[PDB]
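S.K.: Structure file my_file_4.csv, CSV, C-alpha atoms and all ligand atoms, is pasted below:
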```
chain,number,residue,atom,x,y,z
A,1,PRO,CA,-48.7,20.9,-98.9
A,2,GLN,CA,-46.3,23.6,-97.7
A,3,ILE,CA,-45.9,26.1,-100.4
A,4,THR,CA,-42.9,28.4,-100.1
A,5,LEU,CA,-43.0,31.9,-101.6
A,6,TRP,CA,-39.7,32.1,-103.4
A,7,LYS,CA,-41.8,31.9,-106.6
A,8,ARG,CA,-45.4,32.7,-107.4
A,9,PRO,CA,-47.7,30.1,-105.7
A,10,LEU,CA,-49.2,28.7,-108.9
A,11,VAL,CA,-51.5,25.6,-108.8
A,12,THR,CA,-53.6,23.8,-111.3
A,13,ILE,CA,-57.3,24.2,-111.0
A,14,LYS,CA,-60.3,22.6,-112.7
A,15,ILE,CA,-63.3,24.9,-113.3
A,16,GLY,CA,-66.3,24.5,-115.7
A,17,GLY,CA,-64.6,21.5,-117.2
A,18,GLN,CA,-61.4,23.4,-118.0
A,19,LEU,CA,-57.9,23.1,-116.6
A,20,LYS,CA,-56.3,26.5,-115.7
A,21,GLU,CA,-53.2,27.7,-113.8
A,22,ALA,CA,-54.1,30.0,-110.9
A,23,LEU,CA,-52.4,32.0,-108.2
A,24,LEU,CA,-53.1,31.2,-104.5
A,25,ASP,CA,-53.7,34.8,-103.4
A,26,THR,CA,-54.2,35.8,-99.8
A,27,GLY,CA,-54.6,39.4,-100.9
A,28,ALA,CA,-57.7,38.7,-103.0
A,29,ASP,CA,-61.0,38.7,-101.2
A,30,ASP,CA,-62.7,36.6,-103.9
A,31,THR,CA,-61.7,34.3,-106.7
A,32,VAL,CA,-61.4,35.9,-110.2
A,33,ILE,CA,-60.9,33.9,-113.4
A,34,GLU,CA,-60.2,35.1,-117.0
A,35,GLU,CA,-63.1,35.3,-119.4
A,36,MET,CA,-64.9,32.0,-119.7
A,37,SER,CA,-68.4,30.7,-119.7
A,38,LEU,CA,-70.0,29.3,-116.5
A,39,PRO,CA,-73.5,28.0,-116.0
A,40,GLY,CA,-76.3,29.8,-114.3
A,41,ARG,CA,-77.2,33.3,-113.4
A,42,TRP,CA,-74.7,36.1,-112.8
A,43,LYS,CA,-74.6,39.7,-111.8
A,44,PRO,CA,-72.1,42.4,-112.4
A,45,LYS,CA,-69.7,43.8,-109.9
A,46,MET,CA,-66.6,46.0,-109.8
A,47,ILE,CA,-63.4,44.9,-108.0
A,48,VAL,CA,-60.3,46.9,-107.3
A,49,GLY,CA,-56.6,46.2,-107.5
A,50,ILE,CA,-53.3,47.9,-108.5
A,51,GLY,CA,-54.3,50.0,-111.5
A,52,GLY,CA,-57.9,50.5,-110.5
A,53,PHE,CA,-61.1,48.7,-111.1
A,54,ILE,CA,-62.4,46.1,-113.4
A,55,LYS,CA,-65.9,45.0,-114.1
A,56,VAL,CA,-66.6,41.3,-113.6
A,57,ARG,CA,-69.5,38.8,-113.7
A,58,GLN,CA,-70.4,37.2,-110.4
A,59,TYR,CA,-71.4,33.5,-110.5
A,60,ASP,CA,-72.5,31.9,-107.2
A,61,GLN,CA,-72.1,28.3,-106.0
A,62,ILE,CA,-69.4,27.2,-108.5
A,63,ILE,CA,-67.2,24.2,-107.8
A,64,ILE,CA,-63.5,24.4,-108.3
A,65,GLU,CA,-60.9,21.7,-107.7
A,66,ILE,CA,-57.9,23.4,-106.4
A,67,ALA,CA,-54.7,21.4,-106.4
A,68,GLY,CA,-57.0,18.3,-106.1
A,69,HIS,CA,-59.2,19.8,-103.3
A,70,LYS,CA,-62.8,20.5,-104.1
A,71,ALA,CA,-64.3,23.8,-102.9
A,72,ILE,CA,-67.6,25.6,-103.8
A,73,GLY,CA,-68.3,29.3,-103.8
A,74,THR,CA,-68.6,32.6,-105.7
A,75,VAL,CA,-66.4,32.9,-108.8
A,76,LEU,CA,-65.8,36.3,-110.5
A,77,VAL,CA,-65.2,36.3,-114.3
A,78,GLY,CA,-63.5,39.1,-116.2
A,79,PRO,CA,-60.5,40.6,-117.8
A,80,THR,CA,-57.9,39.7,-115.1
A,81,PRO,CA,-54.3,39.2,-116.3
A,82,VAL,CA,-53.9,36.2,-114.1
A,83,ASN,CA,-56.3,33.6,-112.6
A,84,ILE,CA,-56.6,34.1,-108.8
A,85,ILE,CA,-57.8,31.9,-106.1
A,86,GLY,CA,-59.0,34.2,-103.4
A,87,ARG,CA,-59.8,33.9,-99.7
A,88,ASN,CA,-63.4,32.8,-100.3
A,89,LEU,CA,-62.1,29.5,-101.6
A,90,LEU,CA,-58.8,29.3,-99.8
A,91,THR,CA,-60.7,29.1,-96.5
A,92,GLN,CA,-62.5,26.0,-97.8
A,93,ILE,CA,-59.3,24.0,-98.5
A,94,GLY,CA,-58.0,24.9,-95.1
A,95,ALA,CA,-55.2,27.2,-96.3
A,96,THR,CA,-53.3,29.3,-93.8
A,97,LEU,CA,-50.3,31.6,-93.7
A,98,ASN,CA,-47.7,30.4,-91.3
A,99,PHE,CA,-44.6,32.2,-90.0
B,1,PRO,CA,-48.6,32.6,-86.1
B,2,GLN,CA,-51.0,30.6,-88.1
B,3,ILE,CA,-53.3,33.0,-90.0
B,4,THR,CA,-56.6,31.9,-91.3
B,5,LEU,CA,-58.3,33.7,-94.2
B,6,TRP,CA,-61.8,34.2,-93.0
B,7,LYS,CA,-60.9,37.8,-92.7
B,8,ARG,CA,-58.3,39.9,-94.5
B,9,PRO,CA,-54.8,39.0,-93.2
B,10,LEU,CA,-54.0,42.5,-91.9
B,11,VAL,CA,-51.0,43.1,-89.8
B,12,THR,CA,-49.2,46.0,-88.2
B,13,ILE,CA,-46.0,47.1,-89.9
B,14,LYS,CA,-43.4,49.6,-88.7
B,15,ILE,CA,-41.6,51.8,-91.3
B,16,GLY,CA,-39.8,55.1,-90.7
B,17,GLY,CA,-40.8,54.7,-87.0
B,18,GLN,CA,-44.5,54.8,-87.9
B,19,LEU,CA,-47.1,52.1,-87.5
B,20,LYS,CA,-49.3,51.3,-90.5
B,21,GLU,CA,-51.6,48.5,-91.4
B,22,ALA,CA,-50.9,46.2,-94.4
B,23,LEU,CA,-52.3,43.2,-96.1
B,24,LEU,CA,-50.2,40.0,-96.3
B,25,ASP,CA,-50.4,39.2,-100.0
B,26,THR,CA,-49.1,36.0,-101.5
B,27,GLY,CA,-50.3,37.2,-104.9
B,28,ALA,CA,-48.0,40.2,-104.9
B,29,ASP,CA,-44.3,39.8,-106.0
B,30,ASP,CA,-43.5,43.2,-104.4
B,31,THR,CA,-44.4,45.2,-101.4
B,32,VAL,CA,-46.3,48.4,-102.2
B,33,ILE,CA,-47.2,51.2,-99.7
B,34,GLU,CA,-49.2,54.4,-99.9
B,35,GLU,CA,-47.4,57.7,-100.3
B,36,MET,CA,-44.9,58.4,-97.5
B,37,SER,CA,-41.5,59.8,-97.0
B,38,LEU,CA,-38.5,57.4,-97.1
B,39,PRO,CA,-34.8,58.1,-97.0
B,40,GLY,CA,-32.3,58.0,-99.8
B,41,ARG,CA,-32.6,57.7,-103.5
B,42,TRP,CA,-35.3,56.0,-105.4
B,43,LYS,CA,-35.5,54.3,-108.8
B,44,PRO,CA,-38.4,54.1,-111.2
B,45,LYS,CA,-40.7,51.1,-111.5
B,46,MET,CA,-44.0,50.2,-113.2
B,47,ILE,CA,-46.1,47.5,-111.7
B,48,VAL,CA,-49.1,45.8,-113.3
B,49,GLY,CA,-52.1,44.4,-111.6
B,50,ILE,CA,-55.7,43.8,-112.1
B,51,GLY,CA,-56.8,47.2,-113.4
B,52,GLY,CA,-53.8,48.2,-115.4
B,53,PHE,CA,-50.5,49.7,-114.1
B,54,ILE,CA,-49.2,52.4,-111.8
B,55,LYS,CA,-45.8,54.1,-111.5
B,56,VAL,CA,-44.1,53.8,-108.2
B,57,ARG,CA,-40.9,54.9,-106.4
B,58,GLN,CA,-38.6,52.0,-105.7
B,59,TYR,CA,-36.6,52.3,-102.4
B,60,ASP,CA,-34.1,49.6,-101.6
B,61,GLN,CA,-32.7,48.3,-98.3
B,62,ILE,CA,-35.4,49.8,-96.2
B,63,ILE,CA,-35.8,48.7,-92.6
B,64,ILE,CA,-39.3,47.5,-92.0
B,65,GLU,CA,-40.9,45.4,-89.3
B,66,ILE,CA,-43.9,43.1,-90.2
B,67,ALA,CA,-46.0,41.6,-87.5
B,68,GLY,CA,-43.1,42.0,-85.3
B,69,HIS,CA,-40.5,40.3,-87.6
B,70,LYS,CA,-37.6,42.4,-88.8
B,71,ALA,CA,-36.9,42.7,-92.5
B,72,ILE,CA,-34.7,44.9,-94.7
B,73,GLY,CA,-35.6,45.2,-98.4
B,74,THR,CA,-37.4,46.9,-101.3
B,75,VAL,CA,-40.4,49.0,-100.7
B,76,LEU,CA,-42.4,50.5,-103.6
B,77,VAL,CA,-44.3,53.7,-102.8
B,78,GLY,CA,-47.2,55.0,-104.9
B,79,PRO,CA,-50.9,55.1,-105.4
B,80,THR,CA,-51.9,51.6,-104.4
B,81,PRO,CA,-55.5,51.2,-103.1
B,82,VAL,CA,-54.1,49.4,-100.0
B,83,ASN,CA,-50.8,48.7,-98.4
B,84,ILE,CA,-49.6,45.3,-99.5
B,85,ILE,CA,-46.8,43.1,-98.2
B,86,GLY,CA,-45.6,40.9,-101.1
B,87,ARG,CA,-43.4,37.9,-101.4
B,88,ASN,CA,-40.1,39.8,-101.3
B,89,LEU,CA,-40.8,40.5,-97.6
B,90,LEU,CA,-43.0,37.5,-96.8
B,91,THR,CA,-40.0,35.3,-97.5
B,92,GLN,CA,-37.9,37.4,-95.1
B,93,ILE,CA,-40.3,36.8,-92.3
B,94,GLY,CA,-40.4,33.0,-93.1
B,95,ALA,CA,-44.0,32.9,-94.3
B,96,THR,CA,-45.4,29.8,-96.1
B,97,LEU,CA,-48.8,28.8,-97.4
B,98,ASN,CA,-50.1,25.6,-95.9
B,99,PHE,CA,-53.1,23.4,-96.6
A,101,LIG,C1,-53.9,44.4,-104.8
A,101,LIG,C2,-54.7,43.4,-103.9
A,101,LIG,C3,-55.3,44.2,-102.7
A,101,LIG,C4,-55.8,42.7,-104.7
A,101,LIG,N1,-55.4,41.9,-105.8
A,101,LIG,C5,-54.7,40.7,-105.5
A,101,LIG,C6,-53.1,40.8,-105.6
A,101,LIG,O1,-52.6,39.7,-104.9
A,101,LIG,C7,-52.6,40.9,-107.0
A,101,LIG,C8,-52.9,39.7,-107.9
A,101,LIG,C9,-52.5,39.9,-109.4
A,101,LIG,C10,-51.3,39.3,-109.8
A,101,LIG,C11,-50.8,39.6,-111.1
A,101,LIG,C12,-51.6,40.4,-112.0
A,101,LIG,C13,-52.8,41.0,-111.5
A,101,LIG,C14,-53.2,40.7,-110.3
A,101,LIG,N2,-51.2,41.2,-107.1
A,101,LIG,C15,-50.8,42.4,-107.5
A,101,LIG,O2,-51.4,43.3,-108.0
A,101,LIG,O3,-49.4,42.5,-107.3
A,101,LIG,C16,-48.7,43.6,-107.8
A,101,LIG,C17,-47.6,43.9,-106.8
A,101,LIG,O4,-46.6,42.8,-107.1
A,101,LIG,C18,-46.6,42.5,-108.5
A,101,LIG,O5,-46.6,41.1,-108.6
A,101,LIG,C19,-47.9,40.8,-109.1
A,101,LIG,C20,-48.5,42.0,-109.9
A,101,LIG,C21,-47.9,43.1,-109.0
A,101,LIG,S1,-56.4,41.9,-107.2
A,101,LIG,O6,-55.8,40.9,-108.1
A,101,LIG,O7,-56.5,43.3,-107.6
A,101,LIG,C22,-58.0,41.3,-106.8
A,101,LIG,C23,-58.9,42.2,-106.1
A,101,LIG,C24,-60.1,41.7,-105.7
A,101,LIG,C25,-60.4,40.3,-105.9
A,101,LIG,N3,-61.6,39.8,-105.5
A,101,LIG,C26,-59.4,39.5,-106.5
A,101,LIG,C27,-58.2,40.0,-106.9
A,102,CL,CL,-66.4,24.4,-100.0
A,103,CL,CL,-68.1,32.4,-101.6
A,104,CL,CL,-60.4,27.2,-90.1
A,105,CL,CL,-58.2,29.9,-93.8
A,106,CL,CL,-36.3,42.9,-101.3
```
Turn the structure described in the file into structure tokens.
M.R.:
Amino acid sequence: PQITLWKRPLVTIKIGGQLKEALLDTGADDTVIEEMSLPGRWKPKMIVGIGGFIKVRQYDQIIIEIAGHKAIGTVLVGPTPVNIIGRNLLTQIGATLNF
Amino acid sequence: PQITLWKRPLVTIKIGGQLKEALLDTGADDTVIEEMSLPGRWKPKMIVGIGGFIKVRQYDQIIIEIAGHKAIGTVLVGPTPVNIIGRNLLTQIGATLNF
């Protein structure tokens, strides 16, 4: 697809057996999802945005289907106001910014 | 250009005749830059992101060049952790997300 930016670039994702809406976000280094359970080990991390930092749990080697495209990588879980697909997974589906 | 996302999509911007670096950010509705002087009157705005909110100065109809493309539009100025180019200006430079 070609996604224009007149509106927020929201897509459906599937993660840990759940369907979620998420933002395709070139400004996010890594993917961050609202509180949910995921399998396996995790470790804590802080990430920063507008407003400051939040504490998240870092889960590695998690598979997400993004707009029907499967990717695997690190997923951060924590109190984000919006689900965000970051560059670590956008690369994997071949996403580019074009102008 | 076609910009891949293996690295942060940083570009040079020109604003008030000065060059700065900024992040192309599809997850941002609005363009937000670090403290700087801009001409004219400003209006209040609060923006909300991952770690809570910040107050910013909203300047309208500001001439800005992004990666060599001319734009004229709203720039928010305040204590953002990084300079971000949001959809308001990404649309002016004809940017799309493609995968
Ligand atoms: C500020 C960026 C450098 C980083 N952020 C991504 C950014 O796209 C967020 C993503 C975002 C979006 C909504 C709410 C929180 C986070 N947008 C954002 O804060 O935009 C603000 C400016 O325009 C307004 O429109 C959206 C909120 C305002 S972030 O969400 O803080 C973040 C930081 C690190 C990671 N790994 C993942 C996400
Ligand atoms: Cl992958
Ligand atoms: Cl990863
Ligand atoms: Cl590539
Ligand atoms: Cl990419
Ligand atoms: Cl604008």
S.K.: Rounded to one decimal, what separation in Å do you get between atom CA of residue 57 of chain A and atom CA of residue 38 of chain A?
M.R.: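 Separating atom CA of residue 57 of chain A from atom CA of residue 38 of chain A is a distance of 9.9 Å.
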S.K.: Would you mind telling me which residue in A:78, A:39, A:1, A:68 lies nearest to chain B when using all atoms listed in the file?
M.R.: A:1
S.K.: Excluding segment 5-7 of chain B and residues on its chain fewer than 3 positions from it, collect all residues at most 8 Å away from it, counting all atoms listed in the file, and give them as a list in words.
M.R.: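 Contacts, with the query itself left out: residues 26, 87, 88, 90, 91, 95 and 96 of chain A.
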S.K.: Take chain B, superimpose it onto chain A by least squares using every C-alpha atom paired in sequence order, and output the result as a compact mmCIF listing (two decimals) with C-alpha atoms, in the frame of the given file.
M.R.:
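Once written, superposed.txt looks like this:
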```txt
# COMPACT_ATOMS: atom_id res chain seq x y z
CA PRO B 1 -48.82 20.90 -98.82
CA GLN B 2 -46.49 23.47 -97.48
CA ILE B 3 -45.86 26.08 -100.20
CA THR B 4 -42.88 28.30 -100.11
CA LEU B 5 -42.83 31.65 -101.92
CA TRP B 6 -39.59 31.62 -103.76
CA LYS B 7 -41.64 31.20 -106.84
CA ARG B 8 -45.22 32.19 -107.63
CA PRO B 9 -47.63 29.83 -105.79
CA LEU B 10 -49.29 28.50 -108.97
CA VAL B 11 -51.60 25.60 -108.82
CA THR B 12 -53.83 23.64 -111.13
CA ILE B 13 -57.54 24.30 -110.81
CA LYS B 14 -60.45 22.46 -112.42
CA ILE B 15 -63.58 24.46 -113.45
CA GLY B 16 -66.23 23.47 -115.99
CA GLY B 17 -64.18 20.25 -116.52
CA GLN B 18 -61.18 22.26 -117.74
CA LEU B 19 -57.77 22.57 -116.18
CA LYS B 20 -56.34 26.07 -115.74
CA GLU B 21 -53.50 27.52 -113.79
CA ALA B 22 -54.09 30.06 -110.96
CA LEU B 23 -52.20 31.99 -108.40
CA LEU B 24 -52.93 31.39 -104.68
CA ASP B 25 -53.47 34.94 -103.45
CA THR B 26 -53.85 35.83 -99.81
CA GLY B 27 -54.16 39.48 -100.82
CA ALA B 28 -57.31 38.89 -102.81
CA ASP B 29 -60.75 38.77 -101.01
CA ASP B 30 -62.28 37.14 -104.14
CA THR B 31 -61.41 34.65 -106.75
CA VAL B 32 -61.13 36.13 -110.25
CA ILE B 33 -60.68 34.15 -113.53
CA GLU B 34 -60.15 35.09 -117.15
CA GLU B 35 -63.08 35.05 -119.54
CA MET B 36 -64.79 31.65 -119.76
CA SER B 37 -68.19 30.17 -119.98
CA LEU B 38 -69.99 29.24 -116.71
CA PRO B 39 -73.51 28.03 -116.11
CA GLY B 40 -76.46 29.91 -114.74
CA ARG B 41 -77.09 33.50 -114.01
CA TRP B 42 -74.58 36.07 -113.06
CA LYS B 43 -74.71 39.29 -111.04
CA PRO B 44 -72.72 42.46 -111.48
CA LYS B 45 -69.64 43.34 -109.43
CA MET B 46 -66.85 45.94 -109.47
CA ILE B 47 -63.57 45.06 -107.91
CA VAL B 48 -60.72 47.44 -107.11
CA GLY B 49 -57.07 46.70 -107.09
CA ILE B 50 -53.79 48.26 -107.69
CA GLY B 51 -54.43 49.98 -111.02
CA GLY B 52 -58.01 50.99 -110.62
CA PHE B 53 -61.14 48.79 -111.09
CA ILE B 54 -62.67 46.31 -113.49
CA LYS B 55 -66.23 45.04 -113.96
CA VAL B 56 -66.73 41.37 -113.60
CA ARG B 57 -69.48 38.71 -113.80
CA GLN B 58 -70.25 37.22 -110.43
CA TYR B 59 -71.24 33.47 -110.53
CA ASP B 60 -72.23 31.83 -107.29
CA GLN B 61 -72.09 28.21 -106.11
CA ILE B 62 -69.68 27.11 -108.74
CA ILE B 63 -67.93 23.77 -108.40
CA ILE B 64 -64.21 24.24 -108.57
CA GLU B 65 -61.27 22.08 -107.58
CA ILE B 66 -58.00 23.77 -106.33
CA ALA B 67 -54.85 21.80 -106.07
CA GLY B 68 -56.97 18.83 -105.78
CA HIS B 69 -59.27 20.13 -102.97
CA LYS B 70 -62.95 20.46 -103.75
CA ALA B 71 -64.70 23.77 -103.22
CA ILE B 72 -68.07 25.27 -104.18
CA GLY B 73 -68.39 29.07 -104.21
CA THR B 74 -68.22 32.46 -105.96
CA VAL B 75 -66.17 32.90 -109.02
CA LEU B 76 -65.75 36.34 -110.66
CA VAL B 77 -65.03 36.30 -114.39
CA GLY B 78 -63.52 39.25 -116.27
CA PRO B 79 -60.41 40.87 -117.55
CA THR B 80 -57.95 40.09 -114.80
CA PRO B 81 -54.25 39.96 -115.85
CA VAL B 82 -53.97 36.50 -114.17
CA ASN B 83 -56.20 33.93 -112.64
CA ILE B 84 -56.31 34.46 -108.91
CA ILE B 85 -57.62 32.27 -106.11
CA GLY B 86 -58.66 34.56 -103.22
CA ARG B 87 -59.58 34.04 -99.64
CA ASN B 88 -63.19 33.00 -100.29
CA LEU B 89 -61.82 29.73 -101.74
CA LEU B 90 -58.53 29.53 -99.83
CA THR B 91 -60.57 29.18 -96.66
CA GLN B 92 -62.55 26.33 -98.26
CA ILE B 93 -59.44 24.39 -98.94
CA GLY B 94 -58.16 25.03 -95.33
CA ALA B 95 -55.25 27.28 -96.28
CA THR B 96 -53.35 29.30 -93.61
CA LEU B 97 -50.32 31.54 -93.65
CA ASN B 98 -47.57 30.39 -91.35
CA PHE B 99 -44.28 31.90 -90.23
```
S.K.: Applying 6 Å and all atoms listed in the file, which residues near segment 40-46 of chain A remain after dropping the ones on its own chain fewer than 3 positions away? List them as a PyMOL selection string.
M.R.: chain A and resi 54-59
S.K.: Quick one: distance from atom CA of residue 50 of chain B to atom CA of residue 97 of chain B in Å, one decimal?
M.R.: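 It comes out at 22.1 Å.
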S.K.: Counting only C-alpha atoms, which residue out of B:14, B:61, B:31, B:49 sits closest to chain A?
M.R.: B:49
S.K.: Counting all atoms listed in the file, which of A:65, A:12, A:29, A:18 gets nearest to ligand CL 105 (chain A)?
M.R.: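 So, comparing all the options, the nearest one is A:29.
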S.K.: Ranking B:62, B:47, B:74, B:8 by minimum distance to ligand CL 105 (chain A) and counting all atoms listed in the file, which one comes first?
M.R.: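 Result for the nearest residue to ligand CL 105 (chain A): B:8.
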S.K.: Which residues come within 10 Å of residue 17 of chain B, counting all atoms listed in the file, excluding same-chain residues fewer than 2 positions away, as JSON, numbers by chain?
M.R.: {"B": [13, 14, 15, 19, 20, 63, 64, 65]}
S.K.: Which protein, DNA or RNA residues have an atom within 6 Å of ligand CL 102 (chain A), counting only C-alpha atoms and all ligand atoms, as number ranges by chain?
M.R.: A: 71-72, 92
S.K.: Select, from A:4, A:51, A:81, A:25, the residue with the minimum atom-to-atom distance to ligand CL 105 (chain A), counting all atoms listed in the file.
M.R.: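 Going through A:4, A:51, A:81, A:25 one by one, the smallest distance to ligand CL 105 (chain A) is for A:25.
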S.K.: What is the distance between atom CA of residue 2 of chain B and atom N1 of ligand LIG 101 (chain A), in Å to one decimal?
M.R.: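 Computing the Euclidean distance for atom CA of residue 2 of chain B and atom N1 of ligand LIG 101 (chain A) yields 21.5 Å.
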